[PDB]
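Note: the block below is structure13.cif and it holds mmCIF, N, CA and C atoms.
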data_work
#
loop_
_atom_site.label_atom_id
_atom_site.label_comp_id
_atom_site.auth_asym_id
_atom_site.auth_seq_id
_atom_site.Cartn_x
_atom_site.Cartn_y
_atom_site.Cartn_z
N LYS A 292 215.32 -39.27 11.66
CA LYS A 292 216.01 -40.32 10.92
C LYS A 292 217.16 -40.88 11.75
N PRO A 293 217.38 -42.21 11.69
CA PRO A 293 218.45 -42.87 12.43
C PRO A 293 219.83 -42.44 11.96
N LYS A 294 220.73 -42.19 12.90
CA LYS A 294 222.08 -41.78 12.56
C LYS A 294 223.06 -42.87 12.98
N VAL A 295 222.65 -43.67 13.97
CA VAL A 295 223.47 -44.76 14.49
C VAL A 295 222.67 -46.05 14.67
N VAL A 296 223.31 -47.19 14.40
CA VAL A 296 222.67 -48.50 14.56
C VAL A 296 223.62 -49.41 15.33
N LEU A 297 223.09 -50.10 16.34
CA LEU A 297 223.91 -51.01 17.12
C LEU A 297 223.37 -52.42 17.01
N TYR A 298 224.22 -53.35 16.58
CA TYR A 298 223.80 -54.74 16.47
C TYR A 298 224.07 -55.37 17.83
N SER A 299 223.05 -55.38 18.69
CA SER A 299 223.19 -55.93 20.03
C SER A 299 223.09 -57.45 20.03
N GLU A 300 223.81 -58.08 20.95
CA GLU A 300 223.80 -59.53 21.05
C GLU A 300 224.31 -59.96 22.41
N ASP A 301 224.13 -61.24 22.72
CA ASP A 301 224.62 -61.83 23.96
C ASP A 301 225.81 -62.69 23.52
N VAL A 302 226.82 -62.81 24.38
CA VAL A 302 227.98 -63.63 24.04
C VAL A 302 228.37 -64.43 25.26
N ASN A 303 229.07 -65.54 25.04
CA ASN A 303 229.53 -66.40 26.12
C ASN A 303 230.74 -65.74 26.79
N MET A 304 230.48 -64.63 27.48
CA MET A 304 231.51 -63.85 28.16
C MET A 304 232.39 -64.63 29.14
N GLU A 305 233.70 -64.47 28.99
CA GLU A 305 234.68 -65.12 29.87
C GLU A 305 235.84 -64.18 30.16
N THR A 306 236.58 -64.50 31.21
CA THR A 306 237.78 -63.76 31.61
C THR A 306 238.65 -64.84 32.24
N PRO A 307 239.16 -65.77 31.42
CA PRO A 307 240.01 -66.89 31.82
C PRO A 307 241.35 -66.60 32.47
N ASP A 308 242.02 -65.51 32.09
CA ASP A 308 243.32 -65.23 32.67
C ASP A 308 243.45 -63.92 33.44
N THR A 309 242.33 -63.32 33.82
CA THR A 309 242.36 -62.07 34.58
C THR A 309 241.33 -62.05 35.70
N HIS A 310 241.50 -61.13 36.65
CA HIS A 310 240.55 -60.97 37.74
C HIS A 310 240.38 -59.47 37.98
N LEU A 311 239.33 -59.09 38.68
CA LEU A 311 239.06 -57.68 38.94
C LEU A 311 239.98 -57.09 39.98
N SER A 312 240.53 -55.92 39.69
CA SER A 312 241.40 -55.24 40.64
C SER A 312 240.55 -54.18 41.33
N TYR A 313 239.35 -53.97 40.80
CA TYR A 313 238.41 -52.99 41.36
C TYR A 313 236.98 -53.25 40.92
N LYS A 314 236.08 -53.38 41.89
CA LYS A 314 234.66 -53.59 41.61
C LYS A 314 233.90 -52.56 42.45
N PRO A 315 233.11 -51.69 41.80
CA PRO A 315 232.31 -50.64 42.46
C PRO A 315 231.63 -51.07 43.75
N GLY A 316 230.92 -52.20 43.72
CA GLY A 316 230.25 -52.66 44.91
C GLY A 316 230.02 -54.15 44.95
N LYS A 317 229.05 -54.58 45.76
CA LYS A 317 228.73 -55.99 45.89
C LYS A 317 227.68 -56.40 44.87
N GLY A 318 227.67 -57.68 44.52
CA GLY A 318 226.70 -58.17 43.55
C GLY A 318 227.12 -57.82 42.14
N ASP A 319 227.04 -58.80 41.24
CA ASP A 319 227.42 -58.59 39.85
C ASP A 319 226.25 -58.21 38.95
N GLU A 320 225.57 -57.13 39.30
CA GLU A 320 224.44 -56.65 38.50
C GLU A 320 224.94 -55.50 37.62
N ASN A 321 224.61 -55.55 36.34
CA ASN A 321 225.03 -54.51 35.41
C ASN A 321 224.51 -53.14 35.84
N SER A 322 225.37 -52.14 35.77
CA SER A 322 225.00 -50.78 36.14
C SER A 322 225.98 -49.79 35.53
N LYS A 323 225.71 -48.50 35.70
CA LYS A 323 226.58 -47.46 35.17
C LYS A 323 227.91 -47.50 35.91
N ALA A 324 227.85 -47.84 37.19
CA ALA A 324 229.05 -47.91 38.02
C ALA A 324 229.99 -49.00 37.52
N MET A 325 229.41 -50.10 37.07
CA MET A 325 230.18 -51.23 36.57
C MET A 325 231.01 -50.88 35.35
N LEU A 326 230.79 -49.70 34.79
CA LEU A 326 231.57 -49.28 33.62
C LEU A 326 233.01 -49.01 34.04
N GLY A 327 233.21 -48.76 35.33
CA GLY A 327 234.54 -48.47 35.82
C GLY A 327 235.31 -49.62 36.44
N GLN A 328 234.80 -50.85 36.33
CA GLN A 328 235.52 -51.99 36.89
C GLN A 328 236.92 -52.01 36.27
N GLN A 329 237.89 -52.47 37.04
CA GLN A 329 239.25 -52.55 36.55
C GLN A 329 239.71 -54.00 36.56
N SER A 330 240.31 -54.41 35.45
CA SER A 330 240.79 -55.78 35.34
C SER A 330 242.30 -55.83 35.56
N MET A 331 242.76 -56.99 36.00
CA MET A 331 244.17 -57.20 36.28
C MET A 331 244.55 -58.62 35.87
N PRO A 332 245.73 -58.79 35.24
CA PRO A 332 246.14 -60.13 34.83
C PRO A 332 246.42 -61.04 36.02
N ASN A 333 246.07 -62.32 35.90
CA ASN A 333 246.33 -63.27 36.98
C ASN A 333 247.83 -63.53 37.07
N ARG A 334 248.29 -63.96 38.24
CA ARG A 334 249.70 -64.23 38.45
C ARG A 334 250.18 -65.43 37.64
N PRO A 335 251.40 -65.35 37.10
CA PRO A 335 251.89 -66.49 36.32
C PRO A 335 252.11 -67.68 37.25
N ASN A 336 251.95 -68.89 36.74
CA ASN A 336 252.16 -70.07 37.57
C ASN A 336 252.61 -71.24 36.70
N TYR A 337 253.92 -71.42 36.61
CA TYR A 337 254.48 -72.50 35.82
C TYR A 337 254.39 -73.79 36.62
N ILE A 338 253.95 -74.86 35.96
CA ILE A 338 253.82 -76.16 36.60
C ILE A 338 254.49 -77.18 35.70
N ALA A 339 255.37 -77.99 36.29
CA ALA A 339 256.09 -78.98 35.52
C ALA A 339 256.73 -80.02 36.42
N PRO B 203 228.60 -36.50 61.34
CA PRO B 203 229.08 -35.21 60.84
C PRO B 203 230.58 -35.03 61.08
N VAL B 204 231.40 -35.75 60.32
CA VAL B 204 232.84 -35.68 60.47
C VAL B 204 233.48 -34.88 59.33
N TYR B 205 234.33 -33.93 59.68
CA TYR B 205 235.00 -33.11 58.68
C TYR B 205 236.44 -33.58 58.52
N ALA B 206 237.10 -33.08 57.49
CA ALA B 206 238.48 -33.45 57.23
C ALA B 206 239.41 -32.81 58.25
N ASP B 207 240.31 -33.62 58.81
CA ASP B 207 241.29 -33.13 59.77
C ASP B 207 242.33 -32.40 58.94
N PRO B 208 242.31 -31.05 58.97
CA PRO B 208 243.24 -30.20 58.22
C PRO B 208 244.74 -30.46 58.34
N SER B 209 245.17 -31.16 59.38
CA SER B 209 246.60 -31.42 59.52
C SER B 209 247.10 -32.44 58.50
N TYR B 210 246.21 -33.30 58.01
CA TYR B 210 246.62 -34.28 57.01
C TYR B 210 245.54 -34.64 56.00
N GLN B 211 244.32 -34.18 56.23
CA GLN B 211 243.23 -34.46 55.30
C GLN B 211 242.74 -33.16 54.67
N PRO B 212 242.42 -33.19 53.36
CA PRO B 212 242.50 -34.38 52.50
C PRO B 212 243.94 -34.79 52.16
N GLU B 213 244.15 -36.08 51.95
CA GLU B 213 245.48 -36.60 51.61
C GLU B 213 245.63 -36.55 50.09
N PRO B 214 246.62 -35.78 49.61
CA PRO B 214 246.88 -35.62 48.18
C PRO B 214 246.90 -36.88 47.32
N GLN B 215 247.22 -38.03 47.90
CA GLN B 215 247.28 -39.25 47.11
C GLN B 215 245.95 -40.00 47.01
N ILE B 216 244.88 -39.40 47.53
CA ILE B 216 243.56 -40.03 47.48
C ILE B 216 242.57 -39.20 46.64
N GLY B 217 242.02 -39.83 45.61
CA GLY B 217 241.07 -39.14 44.76
C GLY B 217 239.85 -40.01 44.49
N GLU B 218 239.29 -39.91 43.29
CA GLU B 218 238.13 -40.72 42.96
C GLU B 218 238.60 -42.10 42.48
N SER B 219 237.79 -43.12 42.76
CA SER B 219 238.14 -44.50 42.42
C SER B 219 237.83 -45.02 41.01
N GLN B 220 237.03 -44.29 40.24
CA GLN B 220 236.70 -44.74 38.88
C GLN B 220 236.97 -43.67 37.86
N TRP B 221 237.11 -44.07 36.60
CA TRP B 221 237.37 -43.12 35.53
C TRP B 221 236.11 -42.35 35.16
N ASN B 222 234.95 -42.98 35.35
CA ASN B 222 233.68 -42.34 35.02
C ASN B 222 232.97 -41.77 36.24
N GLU B 223 233.59 -40.79 36.89
CA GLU B 223 232.99 -40.19 38.07
C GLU B 223 232.07 -39.04 37.72
N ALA B 224 231.06 -38.85 38.55
CA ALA B 224 230.10 -37.77 38.35
C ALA B 224 230.72 -36.53 38.99
N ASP B 225 230.63 -35.39 38.30
CA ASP B 225 231.18 -34.14 38.82
C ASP B 225 230.74 -33.97 40.28
N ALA B 226 231.69 -33.69 41.16
CA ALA B 226 231.40 -33.53 42.57
C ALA B 226 230.72 -32.21 42.90
N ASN B 227 229.68 -32.29 43.73
CA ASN B 227 228.95 -31.10 44.15
C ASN B 227 229.84 -30.33 45.12
N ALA B 228 230.74 -31.05 45.78
CA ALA B 228 231.66 -30.46 46.74
C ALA B 228 232.98 -31.23 46.74
N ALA B 229 234.09 -30.52 46.57
CA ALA B 229 235.39 -31.16 46.53
C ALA B 229 236.39 -30.49 47.46
N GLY B 230 237.49 -31.18 47.72
CA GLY B 230 238.52 -30.64 48.58
C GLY B 230 239.91 -31.02 48.09
N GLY B 231 240.92 -30.32 48.60
CA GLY B 231 242.28 -30.60 48.20
C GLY B 231 243.24 -29.67 48.90
N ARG B 232 244.53 -29.98 48.84
CA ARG B 232 245.53 -29.15 49.48
C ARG B 232 246.13 -28.18 48.47
N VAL B 233 246.78 -27.15 48.97
CA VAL B 233 247.40 -26.15 48.12
C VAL B 233 248.51 -25.46 48.90
N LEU B 234 249.56 -25.06 48.19
CA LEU B 234 250.70 -24.40 48.81
C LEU B 234 250.54 -22.88 48.84
N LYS B 235 250.69 -22.31 50.04
CA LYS B 235 250.58 -20.86 50.23
C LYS B 235 251.63 -20.12 49.42
N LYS B 236 251.34 -18.86 49.11
CA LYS B 236 252.24 -18.02 48.34
C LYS B 236 253.59 -17.80 49.02
N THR B 237 253.68 -18.14 50.30
CA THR B 237 254.93 -17.97 51.05
C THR B 237 255.89 -19.14 50.88
N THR B 238 255.45 -20.17 50.15
CA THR B 238 256.29 -21.33 49.89
C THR B 238 256.80 -21.19 48.46
N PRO B 239 258.12 -21.29 48.26
CA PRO B 239 258.66 -21.16 46.91
C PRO B 239 258.09 -22.19 45.95
N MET B 240 257.77 -21.74 44.73
CA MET B 240 257.22 -22.62 43.71
C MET B 240 258.31 -23.48 43.09
N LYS B 241 258.06 -24.78 43.02
CA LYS B 241 258.99 -25.73 42.42
C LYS B 241 258.16 -26.73 41.63
N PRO B 242 258.73 -27.32 40.57
CA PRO B 242 257.97 -28.29 39.78
C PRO B 242 257.67 -29.53 40.62
#

Please, can you express the file's structure as structure tokens?
Amino acid sequence: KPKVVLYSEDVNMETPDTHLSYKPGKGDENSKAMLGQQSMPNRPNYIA
Amino acid sequence: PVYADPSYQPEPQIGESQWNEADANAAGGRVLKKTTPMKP
């Protein structure tokens, strides 16, 4: 009998104000290693 | 076939790069001999 249910879906994934501070390797292919990517906020930039 | 240079390797400030690492089959690290006083 099922104990867990996951409603899987695709989303319009974005990261508008951050960049990776760490990427396991080359190529953006989903993998177990990619679970450890680290994100970092982009530098502030005031314009006026 | 390169081994760690015992005079400075392994370097205490270098470890694994990800939070989800697979248990290492072989690991290394430094340690202080019993002749060195223990301090926090």

Which residues of chain A have any atom within 10 Å of an atom in chain B when counting only C-alpha atoms, and what is the closest pair of atoms for each, with the distance in Å to one decimal? Order the rows by chain and rising number and write it as JSON lines.
{"residue": "A:313", "atom": "CA", "partner": "B:219", "partner_atom": "CA", "distance": 8.6}
{"residue": "A:314", "atom": "CA", "partner": "B:220", "partner_atom": "CA", "distance": 9.5}
{"residue": "A:315", "atom": "CA", "partner": "B:220", "partner_atom": "CA", "distance": 8.2}
{"residue": "A:323", "atom": "CA", "partner": "B:222", "partner_atom": "CA", "distance": 8.8}
{"residue": "A:324", "atom": "CA", "partner": "B:222", "partner_atom": "CA", "distance": 7.8}
{"residue": "A:325", "atom": "CA", "partner": "B:220", "partner_atom": "CA", "distance": 9.5}
{"residue": "A:326", "atom": "CA", "partner": "B:222", "partner_atom": "CA", "distance": 7.4}
{"residue": "A:327", "atom": "CA", "partner": "B:220", "partner_atom": "CA", "distance": 5.3}
{"residue": "A:328", "atom": "CA", "partner": "B:220", "partner_atom": "CA", "distance": 7.6}
{"residue": "A:329", "atom": "CA", "partner": "B:220", "partner_atom": "CA", "distance": 8.5}

**Request:** Name the residues that the PyMOL selection byres ((chain A and resi 331) around 8) pulls out of this structure, and write them as an NGL selection string.
**Result:** :A and (308-313 or 328-330 or 332-334)

**Complete:** One decimal place gives the CA of residue 213 in chain B-CA of residue 238 in chain B separation as 18.8 Å

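Note that CA of residue 224 in chain B and atom N of residue 300 in chain A are 27.5 Å apart.
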
**Asked** If we count only C-alpha atoms, what is near range 203-211 of chain B at a cut-off of 12 Å, once residues fewer than 3 positions away on the same chain are taken out, given as a PyMOL selection string?
**Response** chain B and resi 214-217+229-233

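CA of residue 218 in chain B is found 25.7 Å from CA of residue 241 in chain B.
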
**Message:** I need the helix (DSSP H, G or I) residues of chain A per DSSP on the backbone, written as a ChimeraX atom specification.
**Reply:** /A:324-327

Pull range 203-234 of chain B out of the block and emit N, CA and C atoms, as a short mmCIF file (atom, residue, chain, number, x, y, z; two decimals), in the first residue's frame.
data_model
loop_
_atom_site.label_atom_id
_atom_site.label_comp_id
_atom_site.auth_asym_id
_atom_site.auth_seq_id
_atom_site.Cartn_x
_atom_site.Cartn_y
_atom_site.Cartn_z
N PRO B 203 50.60 7.95 -9.58
CA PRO B 203 50.66 7.45 -8.20
C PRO B 203 51.31 8.46 -7.26
N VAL B 204 50.58 9.53 -6.95
CA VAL B 204 51.10 10.57 -6.06
C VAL B 204 50.46 10.49 -4.68
N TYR B 205 51.29 10.49 -3.64
CA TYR B 205 50.79 10.43 -2.28
C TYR B 205 50.86 11.81 -1.65
N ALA B 206 50.22 11.95 -0.49
CA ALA B 206 50.21 13.22 0.21
C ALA B 206 51.58 13.53 0.82
N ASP B 207 52.06 14.75 0.60
CA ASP B 207 53.34 15.17 1.15
C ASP B 207 53.06 15.44 2.63
N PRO B 208 53.50 14.53 3.51
CA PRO B 208 53.30 14.65 4.96
C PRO B 208 53.71 15.94 5.66
N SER B 209 54.56 16.76 5.04
CA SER B 209 54.96 18.00 5.70
C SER B 209 53.83 19.02 5.71
N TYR B 210 52.89 18.92 4.77
CA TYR B 210 51.78 19.86 4.75
C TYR B 210 50.47 19.27 4.24
N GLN B 211 50.52 18.06 3.71
CA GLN B 211 49.31 17.40 3.21
C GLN B 211 49.01 16.17 4.05
N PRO B 212 47.72 15.92 4.35
CA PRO B 212 46.58 16.75 3.93
C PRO B 212 46.50 18.09 4.67
N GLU B 213 45.96 19.10 4.00
CA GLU B 213 45.82 20.43 4.61
C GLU B 213 44.48 20.47 5.34
N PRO B 214 44.52 20.69 6.66
CA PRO B 214 43.32 20.75 7.50
C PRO B 214 42.14 21.58 6.99
N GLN B 215 42.40 22.60 6.17
CA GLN B 215 41.31 23.44 5.69
C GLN B 215 40.66 22.94 4.40
N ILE B 216 41.06 21.75 3.94
CA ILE B 216 40.49 21.18 2.72
C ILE B 216 39.73 19.88 3.01
N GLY B 217 38.45 19.86 2.65
CA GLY B 217 37.65 18.67 2.87
C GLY B 217 36.83 18.33 1.63
N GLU B 218 35.62 17.83 1.82
CA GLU B 218 34.78 17.49 0.69
C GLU B 218 34.03 18.74 0.23
N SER B 219 33.77 18.83 -1.07
CA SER B 219 33.11 19.99 -1.66
C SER B 219 31.59 20.07 -1.65
N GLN B 220 30.90 18.98 -1.34
CA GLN B 220 29.44 19.00 -1.32
C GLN B 220 28.90 18.47 -0.01
N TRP B 221 27.65 18.81 0.29
CA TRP B 221 27.03 18.35 1.53
C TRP B 221 26.61 16.89 1.42
N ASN B 222 26.31 16.45 0.21
CA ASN B 222 25.88 15.07 -0.01
C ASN B 222 27.01 14.18 -0.54
N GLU B 223 28.06 14.01 0.25
CA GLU B 223 29.18 13.19 -0.18
C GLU B 223 28.98 11.73 0.17
N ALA B 224 29.56 10.86 -0.65
CA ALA B 224 29.47 9.43 -0.43
C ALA B 224 30.59 9.08 0.54
N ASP B 225 30.29 8.25 1.54
CA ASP B 225 31.29 7.84 2.52
C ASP B 225 32.57 7.43 1.79
N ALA B 226 33.70 7.97 2.23
CA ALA B 226 34.98 7.68 1.59
C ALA B 226 35.51 6.30 1.93
N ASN B 227 36.00 5.59 0.92
CA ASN B 227 36.57 4.27 1.11
C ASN B 227 37.92 4.44 1.80
N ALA B 228 38.52 5.61 1.60
CA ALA B 228 39.82 5.92 2.19
C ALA B 228 39.90 7.42 2.48
N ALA B 229 40.24 7.77 3.71
CA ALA B 229 40.33 9.17 4.10
C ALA B 229 41.64 9.49 4.81
N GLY B 230 41.94 10.78 4.91
CA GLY B 230 43.15 11.21 5.57
C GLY B 230 42.93 12.48 6.37
N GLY B 231 43.86 12.79 7.26
CA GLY B 231 43.74 13.98 8.07
C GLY B 231 44.92 14.09 9.01
N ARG B 232 45.08 15.26 9.63
CA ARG B 232 46.18 15.48 10.55
C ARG B 232 45.69 15.26 11.97
N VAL B 233 46.64 15.06 12.89
CA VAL B 233 46.32 14.84 14.29
C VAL B 233 47.52 15.24 15.13
N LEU B 234 47.25 15.74 16.33
CA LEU B 234 48.31 16.17 17.23
C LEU B 234 48.77 15.04 18.16
#
